[PDB]
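**Student:** Sharing a structure with you now.
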Amino acid sequence: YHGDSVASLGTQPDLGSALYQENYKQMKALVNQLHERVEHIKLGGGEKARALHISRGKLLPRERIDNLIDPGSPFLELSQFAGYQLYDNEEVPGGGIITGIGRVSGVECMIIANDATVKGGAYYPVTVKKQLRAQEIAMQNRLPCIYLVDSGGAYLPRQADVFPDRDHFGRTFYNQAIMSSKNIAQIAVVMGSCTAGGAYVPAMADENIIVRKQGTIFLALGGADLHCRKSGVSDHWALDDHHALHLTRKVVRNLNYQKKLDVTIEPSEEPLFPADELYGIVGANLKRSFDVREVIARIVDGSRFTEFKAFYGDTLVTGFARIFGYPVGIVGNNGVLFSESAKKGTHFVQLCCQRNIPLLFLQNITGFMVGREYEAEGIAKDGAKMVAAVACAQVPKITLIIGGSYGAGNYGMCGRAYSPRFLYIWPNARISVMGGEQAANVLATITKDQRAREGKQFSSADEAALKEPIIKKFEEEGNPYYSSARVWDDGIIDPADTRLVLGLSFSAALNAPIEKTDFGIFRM
Amino acid sequence: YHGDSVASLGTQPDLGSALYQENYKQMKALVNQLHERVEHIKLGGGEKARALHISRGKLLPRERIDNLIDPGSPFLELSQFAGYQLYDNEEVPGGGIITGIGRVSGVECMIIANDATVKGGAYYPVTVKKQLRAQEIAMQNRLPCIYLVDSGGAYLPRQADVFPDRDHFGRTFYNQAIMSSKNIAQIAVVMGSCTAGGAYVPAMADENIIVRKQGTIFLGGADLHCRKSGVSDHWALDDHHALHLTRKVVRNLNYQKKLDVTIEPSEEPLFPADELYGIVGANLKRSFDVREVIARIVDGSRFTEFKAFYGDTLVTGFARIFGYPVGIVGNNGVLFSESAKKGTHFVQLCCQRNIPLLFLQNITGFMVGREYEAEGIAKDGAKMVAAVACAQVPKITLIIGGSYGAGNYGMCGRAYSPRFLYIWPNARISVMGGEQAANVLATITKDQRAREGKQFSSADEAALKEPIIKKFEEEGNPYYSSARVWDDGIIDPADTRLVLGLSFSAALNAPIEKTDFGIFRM
Amino acid sequence: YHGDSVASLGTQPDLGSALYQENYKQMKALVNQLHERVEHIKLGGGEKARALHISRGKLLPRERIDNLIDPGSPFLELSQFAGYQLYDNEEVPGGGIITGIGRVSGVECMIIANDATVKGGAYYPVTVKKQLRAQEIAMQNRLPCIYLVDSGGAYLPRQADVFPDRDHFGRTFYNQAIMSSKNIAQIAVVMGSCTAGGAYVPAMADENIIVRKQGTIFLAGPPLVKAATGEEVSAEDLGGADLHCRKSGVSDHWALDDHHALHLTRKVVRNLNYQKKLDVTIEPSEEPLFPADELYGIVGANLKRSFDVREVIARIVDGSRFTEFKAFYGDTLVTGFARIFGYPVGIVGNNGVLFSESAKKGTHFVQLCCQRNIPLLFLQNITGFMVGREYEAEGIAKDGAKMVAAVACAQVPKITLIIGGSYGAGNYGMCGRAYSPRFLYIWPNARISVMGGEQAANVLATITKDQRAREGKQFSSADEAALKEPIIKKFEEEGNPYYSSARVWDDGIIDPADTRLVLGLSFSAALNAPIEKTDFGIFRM
Ligand SMILES: CC(C)=CC(=O)SCCNC(=O)CCNC(=O)[C@H](O)C(C)(C)COP(=O)(O)OP(=O)(O)OC[C@@H]1O[C@H](n2cnc3c(N)ncnc32)[C@@H](O)[C@@H]1OP(=O)(O)O
Ligand SMILES: CC(C)=CC(=O)SCCNC(=O)CCNC(=O)[C@H](O)C(C)(C)COP(=O)(O)OP(=O)(O)OC[C@@H]1O[C@H](n2cnc3c(N)ncnc32)[C@@H](O)[C@@H]1OP(=O)(O)O
Ligand SMILES: CC(C)=CC(=O)SCCNC(=O)CCNC(=O)[C@H](O)C(C)(C)COP(=O)(O)OP(=O)(O)OC[C@@H]1O[C@H](n2cnc3c(N)ncnc32)[C@@H](O)[C@@H]1OP(=O)(O)O
């Protein structure tokens, strides 16, 4: 009997309240800023570079992606802000590469396309990191990889940050070989002149498509006709960009792959409240606190939520819901973490792992302005319990940072270091080891005590002098754009699109089967 | 019948030749420089810090490691040069942490000890990278991990490089939890005051040992944690008692090492190792036969070459080190299609027979050949790159000379996850040689300017070349690569045999899995 | 480096103290009583029955077992006191059957022999339970089973307690078939006339050995055949060694007499092609540093007094070496690592009332032992509630369960020894009989029940008084006293170790001086089977 009636979460906010108006105004300003910056990034490398690229008879990378994917299918771009102000004087729109997940011939695939307009397609360190992240996502979710290779190889300056280390350029070929060995299809489309680094990519790909004249593969001489007829590196011969994309679609169709789901499914229903109210509900000030249940009610199917252990450790919210017919276990933050909250989270994570249910984390860690210590030693014994449970979980984990994320709370709530399938942040998020004010006080006290043992007086004025720069540095570093410029936290997302982004991410992540979970020693 | 006689590799070098004398002099100078720098690094954080540390009654980290391991057992320290001149004005001897592999109660274990004298044990980014590398080594080789925790947490400045990212501090706890779940024992000895980051380490460890007064886990103390909070698992009076308890705990692990590969009696090489100084020298332009190096590091100087006359620029064959079968793949010149194919065949054979692989890299500069139709090499170089990546046997890479371009990837570079990687003091690593890079930059700028209609000055090409050559030389230095956690540590060539034996003995703990290969272009 | 020195547990007790003398006297009296009762049980069914059995040319069952096993090898008999005063007027020495573990041709095997002198080998309910327990032990430890079949079938009276139910006689054949399917060898030696129930045993066995004249296998005896169909036939003609060997083909070997049958059984066991391999590491065995007989004085016979379990541990472990785990947290529970005869073991003992900290510490230790694949040994001495009426036991419930689950889900070999009281949920927590330990033993001074007699008496009086008060019936103060005296007596009689041993619970009683030897034999037997991985349920936390 699936007809039983069930109470629904969420409540209607007070639109007339001044707090709602102010929060809505701040969030709208942030979202407009994000949209305009994304537009400028989408503009590309530059006018002259784009003109030359079009004159050569090639298609712009975004046009290539648009023609490659199925008509009208949504595209989930990743890390649009990579390289945003990362380097002092060089502009690298989008990191020089484009990555995302789209549907090709009815199959979800990961697409990696080089933007030839940005430094002739040379690989900056951020470009390598972005490509490695995309490859890791594809390997974890068992998604076929499609490469639109048009690059000039590694950026000769800054070679030390791109060539030598483990997570440097060679890891690309390593991942390609491993994923090929694991039956994850690799398809390389040589849409332009490659280089020594670029040349290896088509060689390791299972199937190659090279354009007649623009495509040129040389290890350091290289052409479509030569590679197709004598060297044999090329697998398909394409007249131009459109023909290459058509051939790629055909090749993807001939993959003989069928997606099968392990989790149960139910008909999808929209949430009972508009998503745009999240602007007023959340606002842009981290000092104020908002109930995460509103956010949950505005992003779940039918606003139906089954809370688990509601009255025990109420600072943490856990329960079961469904997004687009997908069961999910939601773990959100409603305040400071305590021992009871950690135990409740561990219990919920164990339940979800046992039942093979995907997990969703909503992080809003709180500053220590309210509580200086609160005998945090008790928290250590139990915080670890969660950190381990989260790490050992094998179900798909998606983390969304809707507010502050500081200290060990970031690790506890499935931080970037614990390998979530996807990680997103809202435009108002802040991430750092601790808040700037708290950090400033710690540095002043340590220096004063050490100086006192040394016998050097520590000036009271000096403590104030140290505090002002530290607060500014922490604010600049914690910015969402600072974190997105580095490949951490994938990309920033408009709160109004949270439901769609989560649905797409879970649909992509459900491709891989769910394995059994093995836990370590649970310190009692 | 194992009595059959077999020819032995190697030949006696000409000591009287001036080239041998010059090479020996250069290598001796390099080794002396390395030894003195290692001594200074071993000195520690500083005199005042060491005096304060001894005052508080604690033991110095090297003394802790010496007392922990079995008496007289060798210790294989890793990445001794981490943080060497990495930061502009701050000195971080050894990266602030000590990692290595030693035998505790007859069991090989990975030991990670914080040096409290360096910035009070605060974690620099290089410290986090070094600890992560040690944890990865232990996980790959299934070695128990022992932590001598004495740290002040993450360095508050430079927090962005230590806290947030995947390979940042949280990966430590992630690896700890995973290795605990995989039955790899975790033991934490709280030998001093920890912090927020330090506190989590003992919590996630299977067994904890905390000193009575120096140990403080946060408010936090040995008595409190042992009696009321229950975080501590053992109570130790002082450092010596804690080390004794750690030895007992390791003894109670119920673990027995079993080998899959066959073993034979060990025999010493037929030639002295110190002749490698004269044979190799310090000049990368000159070429030396890798067969000499092989003959001076294998048991009895016995080598069975495979495909000797096909692709002679690459040397492959079978030998034994300390009774351990090994497949040696060395460089004798520029890589060609035949060399790539031969290497792929040998790697397939070794993977099929479950034999550990050893790579000796000496990639050559392009001064001799500008292009040589390198397009042919691309089709076949990738076949070797894949074969190397897909291999599941233990792989150890040693860089005895230059390592440039895709040759680094082909010969099991750092990006392809070898179990261990070492470099000799005369090695050079970079994307390409400085001279070659200088020419490429000048040509690209001139051609782009010509299309633009801007004349590119001939003097400008010379102006660009001199700085590029200097930058490439400084970046390629072995100490530059060792300061970053790449290439573990530098090793004296005279100790290559011992280092390889220890590394293979450690790596043989884990069982050898089956190898699955991907699509092959051929 | 295994040469490192290690502190040793245990201390020298004060022999001159009067408490030691009194405890020693009480324990010596108990042990002497146990020894004399065991001697009387070993005497057998009776003089006339033994005389008839010998006159028929057969060997007594104990002689059969002695000749079967390897010369000089120790024999670990199980449940010697089964059926001791179980039935009102019928005496069933040893339950009518003999079970134990011994070495045959260098292989540890489980031996089940029927005592024909007791009721002509008829199966009492206790006999069926004992045989089922032996079969379960053999299946768990993967030990070959040897049956010396000489029985008259199910006891016709009391048939309802032997035939119908799941744990009744048919479970014997079920276990035989399952163990045969799992490559655990089954060998049946028909040493005497069987019956309908007895006949099926040789049929299901992989190999049969039947004596020439004494052995007779008939699916229905002559009297049974006459009752069922009115047919007259001699016992030998209906079922005999020659007939079964030559025409019916049920018999696999033909034996002239008992000695020949035992020799053939030894040969058959030799041709099993089995080699024992150990998974756990081994070390040279060393004797404990203190005499075992001091346990008499240390423990005594009074459960009210408390003794340190560390003494018992120090007197039964190799070299008296013990590595305590979490010594100062939850000190009422003792946990640590030691070695018995070179075998690693995790010891979990009781030193007082169980608390939340003790339960958490036990759960942690059990998880560690399961992860490292180390056998577990439980020493139970649960305490009465005279000291603490409630102590907010609600806190204990939240954490006691965690231990109960951890213990249940463990897959390592578990051996439980009850050295004192075992009451309430503490019995379940410390690997009670319901949680399937490989072996369970009790000392002669142990007491087991749901709660102590005094505590139970108070509970019954209060419940009746409150219910009567709501009813409006006055509950007499004298009535409360009247209810208390019988309850205390019933609890004392039921809790007796002999009461529990008469039923097949707790296997057998063991002299404390032989605890080390018994544990060594039990662990050596249990190490035959490989150690599987352990999967845990939800750890409520
Ligand atoms: C993997 C391993 C193991 C090793 C290797 O991979 S070693 C790879 C060596 N690379 C090459 O061998 C490619 C050399 N390029 C060329 O042959 C072409 O240039 C193309 C193919 C790039 C097409 O580009 P193009 O020629 O059509 O146009 P262009 O405007 O000239 O393109 C931008 C201009 O390139 C300059 N530029 C700066 N850095 C680089 C760089 N690293 N690579 C290429 N170009 C770069 C840029 O600064 C200037 O513009 P700017 O900055 O002055 O405005
Ligand atoms: C994981 C997550 C998620 C979060 C975290 O982990 S947030 C961790 C916050 N850290 C603390 O809360 C520890 C604060 N220390 C202390 O409480 C003590 O100091 C000890 C414990 C360190 C012992 O050291 P000590 O007190 O015995 O000696 P001292 O000489 O004072 O030791 C050197 C002096 O420490 C200065 N110093 C600089 N940077 C740091 C730093 N990051 N931590 C500590 N000290 C630092 C150094 O500059 C000066 O010496 P110098 O450079 O001036 O010569
Ligand atoms: C499995 C399923 C599904 C079904 C079945 O199994 S249905 C099995 C039906 N059983 C028989 O068909 C065997 C009938 N016995 C006989 O044919 C023989 O007796 C032998 C073979 C038992 C040898 O014994 P024996 O003949 O050499 O000596 P005896 O002294 O006579 O032996 C003791 C005397 O047996 C009396 N006695 C009481 N109860 C029984 C009992 N249940 N079975 C046998 N005897 C019993 C005892 O009371 C008296 O002695 P007591 O108590 O008076 O002192």
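Chain labels A, B, ... are given in the sequence in which chains occur in the structure tokens; within each chain residues are numbered consecutively from 1, and ligands are likewise numbered from 1 in the order shown.
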Would you name the residues within 6 Å of ligand 3, counting only C-alpha atoms and all ligand atoms, and put them as an MDAnalysis selection string?
**Tutor:** chainID C and resid 119:120 122 152:156 193 195:197 221 224
**Student:** Hey, can you spit out that residue selection with C-alpha atoms as a short mmCIF file (atom, residue, chain, number, x, y, z; two decimals), in the first residue's frame?
**Tutor:**
```cif
data_model
loop_
_atom_site.label_atom_id
_atom_site.label_comp_id
_atom_site.auth_asym_id
_atom_site.auth_seq_id
_atom_site.Cartn_x
_atom_site.Cartn_y
_atom_site.Cartn_z
CA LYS C 119 18.62 -49.68 29.47
CA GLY C 120 19.89 -51.82 26.61
CA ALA C 122 17.80 -47.12 24.59
CA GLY C 152 18.03 -50.44 21.26
CA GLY C 153 16.49 -47.40 19.63
CA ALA C 154 14.33 -44.74 21.20
CA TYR C 155 13.00 -45.35 24.70
CA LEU C 156 9.40 -46.35 24.01
CA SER C 193 22.62 -55.17 17.70
CA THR C 195 17.31 -51.20 15.91
CA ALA C 196 15.12 -49.14 13.58
CA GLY C 197 16.70 -45.91 14.80
CA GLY C 221 13.87 -56.04 15.04
CA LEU C 224 9.07 -55.22 15.90
#
```
**Student:** Would you mind writing down, as an MDAnalysis selection string, each residue of segment 141-387 of chain C that DSSP on the backbone assigns to helix (DSSP H, G or I)?
**Tutor:** chainID C and resid 141 159:161 170:181 196:204 222:229 235:238 241:248 258:270 294:299 309:314 318:320 356:372
**Student:** Give the answer as one residue: which of B:38, B:43, B:293, B:438 has the shortest atom-to-atom distance to ligand 1, using only C-alpha atoms and all ligand atoms?
**Tutor:**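 Closest candidate: B:438.
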**Student:** Show me which residues line ligand 2, defined as having an atom within 8 Å of a ligand atom where only C-alpha atoms and all ligand atoms count, and present them as a ChimeraX atom specification.
**Tutor:** /A:406-408,411,433-434,442-443,446-447,449-450 /B:49,52-53,116-123,151-157,163,169-170,193-198,200
**Student:** For the residues in the current selection, export C-alpha atoms as a PDB file, in the first residue's frame.
**Tutor:**
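Saved the output as result-v9.pdb:
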```pdb
ATOM      1  CA  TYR A 406      35.607  25.360   9.190  1.00  0.00           C
ATOM      2  CA  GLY A 407      37.857  23.110  11.228  1.00  0.00           C
ATOM      3  CA  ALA A 408      37.258  19.393  11.624  1.00  0.00           C
ATOM      4  CA  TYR A 411      36.134  16.678   7.466  1.00  0.00           C
ATOM      5  CA  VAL A 433      40.663  26.204   8.839  1.00  0.00           C
ATOM      6  CA  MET A 434      39.058  28.662  11.301  1.00  0.00           C
ATOM      7  CA  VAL A 442      45.232  32.481  18.681  1.00  0.00           C
ATOM      8  CA  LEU A 443      48.316  33.962  16.975  1.00  0.00           C
ATOM      9  CA  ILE A 446      50.946  32.167  21.290  1.00  0.00           C
ATOM     10  CA  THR A 447      53.472  34.913  20.464  1.00  0.00           C
ATOM     11  CA  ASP A 449      53.382  33.522  25.890  1.00  0.00           C
ATOM     12  CA  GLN A 450      56.546  32.476  23.984  1.00  0.00           C
TER      13      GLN A 450
ATOM     14  CA  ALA B  49      64.625  24.182  20.574  1.00  0.00           C
ATOM     15  CA  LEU B  52      64.000  23.081  25.571  1.00  0.00           C
ATOM     16  CA  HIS B  53      62.790  19.718  24.252  1.00  0.00           C
ATOM     17  CA  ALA B 116      58.643  19.090  17.780  1.00  0.00           C
ATOM     18  CA  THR B 117      61.778  21.240  17.484  1.00  0.00           C
ATOM     19  CA  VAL B 118      60.748  22.537  14.035  1.00  0.00           C
ATOM     20  CA  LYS B 119      58.108  25.251  14.543  1.00  0.00           C
ATOM     21  CA  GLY B 120      56.703  23.360  17.519  1.00  0.00           C
ATOM     22  CA  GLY B 121      55.642  20.519  15.244  1.00  0.00           C
ATOM     23  CA  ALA B 122      53.363  22.643  13.068  1.00  0.00           C
ATOM     24  CA  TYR B 123      52.382  21.108   9.731  1.00  0.00           C
ATOM     25  CA  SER B 151      52.602  18.379  16.750  1.00  0.00           C
ATOM     26  CA  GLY B 152      51.032  21.805  17.081  1.00  0.00           C
ATOM     27  CA  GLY B 153      48.552  21.290  14.277  1.00  0.00           C
ATOM     28  CA  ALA B 154      48.418  23.004  10.919  1.00  0.00           C
ATOM     29  CA  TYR B 155      50.641  26.022  10.360  1.00  0.00           C
ATOM     30  CA  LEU B 156      48.178  28.888  10.722  1.00  0.00           C
ATOM     31  CA  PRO B 157      49.822  30.954   7.969  1.00  0.00           C
ATOM     32  CA  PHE B 163      43.506  22.458   5.018  1.00  0.00           C
ATOM     33  CA  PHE B 169      45.377  17.364   5.879  1.00  0.00           C
ATOM     34  CA  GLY B 170      42.031  15.533   5.888  1.00  0.00           C
ATOM     35  CA  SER B 193      51.040  17.780  23.396  1.00  0.00           C
ATOM     36  CA  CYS B 194      48.889  17.509  20.274  1.00  0.00           C
ATOM     37  CA  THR B 195      46.271  19.939  18.955  1.00  0.00           C
ATOM     38  CA  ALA B 196      42.943  19.898  17.109  1.00  0.00           C
ATOM     39  CA  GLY B 197      44.529  18.238  14.090  1.00  0.00           C
ATOM     40  CA  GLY B 198      46.815  16.136  16.262  1.00  0.00           C
ATOM     41  CA  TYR B 200      42.085  13.189  15.808  1.00  0.00           C
TER      42      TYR B 200
END
```
**Student:** Nearest to residue 501 of chain A among A:364, A:23, A:399, A:140, with distances taken over only C-alpha atoms: which residue is it?
**Tutor:**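 Checking each of A:364, A:23, A:399, A:140 against residue 501 of chain A, counting only C-alpha atoms, the winner is A:399.
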**Student:** Set the cut-off to 6 Å and count only C-alpha atoms: what are the residues of chain A that reach chain B? Output as a VMD selection string.
**Tutor:** chain A and resid 165 to 166 170 to 171 174 177 180 to 181 218 to 220 377 388 391 416 to 417 488 519 to 520
**Student:** Compute the set of chain C residues within 8 Å of chain B, using only C-alpha atoms, and express it as a ChimeraX atom specification.
**Tutor:** /C:1-2,280-281,325-329,337,344,368,371-372,374
**Student:** Which chains and residue numbers are within 9 Å of ligand 1, counting only C-alpha atoms and all ligand atoms, if I want them as an NGL selection string?
**Tutor:** (:A and (49 or 52-53 or 56 or 90 or 116-124 or 150-157 or 159 or 163 or 169-170 or 192-200 or 219-220)) or (:B and (404-409 or 431-432 or 437 or 440-441 or 444-445 or 447-449))
**Student:** For a quick test of understanding: name the residues of chain C lying within 10 Å of chain A when counting only C-alpha atoms, and present them as a list in words.
**Tutor:** residues 357, 359, 360, 361, 362, 363, 364, 365, 367, 368, 371, 399, 402, 535, 536, 537, 538, 539, 540 and 541 of chain C
**Student:** Using only N, CA, C and O atoms, please write the residues we just selected to a file, as a short mmCIF file (atom, residue, chain, number, x, y, z; two decimals), in the first residue's frame.
**Tutor:**
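Writing the result to selection_39.cif gives the following:
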```cif
data_model
loop_
_atom_site.label_atom_id
_atom_site.label_comp_id
_atom_site.auth_asym_id
_atom_site.auth_seq_id
_atom_site.Cartn_x
_atom_site.Cartn_y
_atom_site.Cartn_z
N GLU C 357 31.01 1.73 30.97
CA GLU C 357 32.41 1.73 30.55
C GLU C 357 32.91 0.32 30.30
O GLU C 357 33.63 0.07 29.33
N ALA C 359 31.11 -2.27 29.39
CA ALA C 359 30.50 -2.77 28.16
C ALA C 359 31.20 -2.19 26.94
O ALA C 359 31.48 -2.91 25.97
N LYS C 360 31.49 -0.89 26.95
CA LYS C 360 32.19 -0.28 25.82
C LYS C 360 33.58 -0.88 25.64
O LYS C 360 34.01 -1.16 24.51
N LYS C 361 34.30 -1.07 26.75
CA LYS C 361 35.63 -1.65 26.68
C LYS C 361 35.58 -3.07 26.12
O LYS C 361 36.41 -3.45 25.29
N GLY C 362 34.61 -3.86 26.57
CA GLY C 362 34.46 -5.20 26.04
C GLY C 362 34.13 -5.21 24.56
O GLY C 362 34.65 -6.03 23.80
N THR C 363 33.26 -4.29 24.12
CA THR C 363 32.95 -4.20 22.70
C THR C 363 34.19 -3.86 21.88
O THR C 363 34.43 -4.46 20.83
N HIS C 364 34.98 -2.90 22.36
CA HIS C 364 36.20 -2.53 21.65
C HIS C 364 37.16 -3.72 21.56
O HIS C 364 37.73 -4.00 20.50
N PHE C 365 37.34 -4.43 22.67
CA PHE C 365 38.25 -5.57 22.67
C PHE C 365 37.77 -6.67 21.74
O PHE C 365 38.57 -7.30 21.04
N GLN C 367 35.91 -6.30 19.07
CA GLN C 367 36.16 -5.86 17.71
C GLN C 367 37.62 -6.06 17.32
O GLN C 367 37.91 -6.53 16.22
N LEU C 368 38.54 -5.72 18.22
CA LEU C 368 39.96 -5.91 17.93
C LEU C 368 40.27 -7.38 17.69
O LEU C 368 40.95 -7.74 16.72
N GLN C 371 38.93 -8.56 14.39
CA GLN C 371 39.72 -8.03 13.28
C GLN C 371 41.03 -8.80 13.12
O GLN C 371 41.43 -9.10 11.99
N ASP C 399 24.07 0.18 26.86
CA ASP C 399 25.45 -0.24 26.49
C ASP C 399 25.65 -1.75 26.60
O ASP C 399 26.53 -2.28 25.91
N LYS C 402 25.23 -3.49 23.31
CA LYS C 402 26.28 -3.39 22.33
C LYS C 402 27.20 -4.57 22.48
O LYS C 402 27.62 -5.16 21.50
N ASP C 535 31.28 -10.37 10.24
CA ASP C 535 30.42 -9.29 9.81
C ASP C 535 29.56 -8.84 10.98
O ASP C 535 28.88 -9.66 11.60
N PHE C 536 29.59 -7.54 11.26
CA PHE C 536 28.87 -6.98 12.40
C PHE C 536 27.60 -6.28 11.94
O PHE C 536 27.53 -5.75 10.83
N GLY C 537 26.60 -6.30 12.80
CA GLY C 537 25.38 -5.56 12.56
C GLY C 537 25.55 -4.09 12.89
O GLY C 537 26.66 -3.58 13.07
N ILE C 538 24.42 -3.39 12.95
CA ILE C 538 24.45 -1.97 13.26
C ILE C 538 24.90 -1.77 14.70
O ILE C 538 24.33 -2.36 15.63
N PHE C 539 25.97 -1.02 14.88
CA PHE C 539 26.47 -0.76 16.22
C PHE C 539 25.78 0.49 16.66
O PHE C 539 26.16 1.58 16.24
N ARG C 540 24.77 0.36 17.50
CA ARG C 540 24.04 1.52 17.90
C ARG C 540 25.06 2.37 18.59
O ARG C 540 25.80 1.90 19.45
N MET C 541 25.09 3.64 18.23
CA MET C 541 26.09 4.52 18.79
C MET C 541 25.50 5.91 18.78
O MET C 541 24.51 6.19 19.46
#
```
**Student:** Among segment 267-380 of chain C, which ones does DSSP assign to strand (DSSP E) (computed from the backbone)? Answer as number ranges by chain.
**Tutor:** C: 323-324, 333-340, 343-350, 376-380
**Student:** Could you name the residues that touch residue 490 of chain C at 12 Å or less, counting only C-alpha atoms, but leaving out those on the same chain fewer than 2 positions away, as an mmCIF file with C-alpha atoms, in the first residue's frame?
**Tutor:**
```cif
data_model
loop_
_atom_site.group_PDB
_atom_site.id
_atom_site.type_symbol
_atom_site.label_atom_id
_atom_site.label_comp_id
_atom_site.auth_asym_id
_atom_site.auth_seq_id
_atom_site.Cartn_x
_atom_site.Cartn_y
_atom_site.Cartn_z
ATOM 1 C CA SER C 449 20.075 -18.697 37.266
ATOM 2 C CA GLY C 452 19.738 -14.700 42.867
ATOM 3 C CA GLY C 453 17.166 -16.426 45.087
ATOM 4 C CA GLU C 454 16.982 -13.563 47.619
ATOM 5 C CA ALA C 456 13.800 -13.070 43.181
ATOM 6 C CA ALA C 457 11.937 -13.589 46.474
ATOM 7 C CA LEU C 483 6.434 -16.999 49.729
ATOM 8 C CA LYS C 484 10.123 -16.100 50.324
ATOM 9 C CA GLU C 485 11.402 -19.290 52.051
ATOM 10 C CA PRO C 486 10.360 -21.827 49.309
ATOM 11 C CA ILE C 487 11.617 -19.542 46.486
ATOM 12 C CA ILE C 488 15.093 -19.314 48.064
ATOM 13 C CA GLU C 492 19.499 -22.860 45.279
ATOM 14 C CA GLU C 493 18.628 -26.407 44.063
ATOM 15 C CA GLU C 494 18.113 -25.253 40.438
ATOM 16 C CA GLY C 495 21.339 -23.198 40.390
ATOM 17 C CA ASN C 496 23.479 -26.137 41.491
ATOM 18 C CA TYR C 499 21.528 -29.424 38.143
#
```
**Student:** Report as a list in words all protein, DNA and RNA residues lying within 10 Å of residue 395 of chain B, evaluated on only C-alpha atoms, omitting residues in the same chain fewer than 2 positions from it.
**Tutor:**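 In the requested format, the answer is residues 326, 327, 355, 356, 357, 358, 359, 388, 391, 392, 393, 397, 412, 416, 417, 418, 419, 420, 421, 504 and 507 of chain B.
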**Student:** Report, in Å with one decimal, the straight-line distance from atom CA of residue 98 of chain A to atom CA of residue 259 of chain A.
**Tutor:** 25.2 Å
**Student:** What does the structure give for the distance between atom CA of residue 166 of chain C and atom CA of residue 118 of chain C, in Å to one decimal?
**Tutor:** 25.1 Å
**Student:** Suppose you want the space between atom CA of residue 454 of chain B and atom CA of residue 114 of chain A; what is it in Å?
**Tutor:**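 Value for the atom CA of residue 454 of chain B-atom CA of residue 114 of chain A distance: 27.9 Å.
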**Student:** Counting only C-alpha atoms, what is within 12 Å of residue 473 of chain A, bar same-chain residues fewer than 3 positions away, as a list in words?
**Tutor:**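 My list of contacting residues is residues 432, 435, 436, 437, 439, 440, 466, 467, 468, 469, 470, 476, 477, 478, 479 and 482 of chain A; 156, 157, 158, 159 and 160 of chain B.
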**Student:** Find the residues around segment 77-81 of chain B up to 12 Å (only C-alpha atoms counted), leave out those fewer than 6 positions away in its own chain, and share them as number ranges by chain.
**Tutor:** B: 34-35, 37-44, 62, 65-66, 91-102, 110-113, 126-127, 129-131, 133-135, 137, 420-423, 478-491, 499, 502-503
**Student:** Env of residue 239 of chain B: 9 Å cut, atoms = only C-alpha atoms, seq-sep filter 6 positions within chain, self excluded. Answer as a VMD selection string.
**Tutor:** chain B and resid 57 to 59 64 191 211
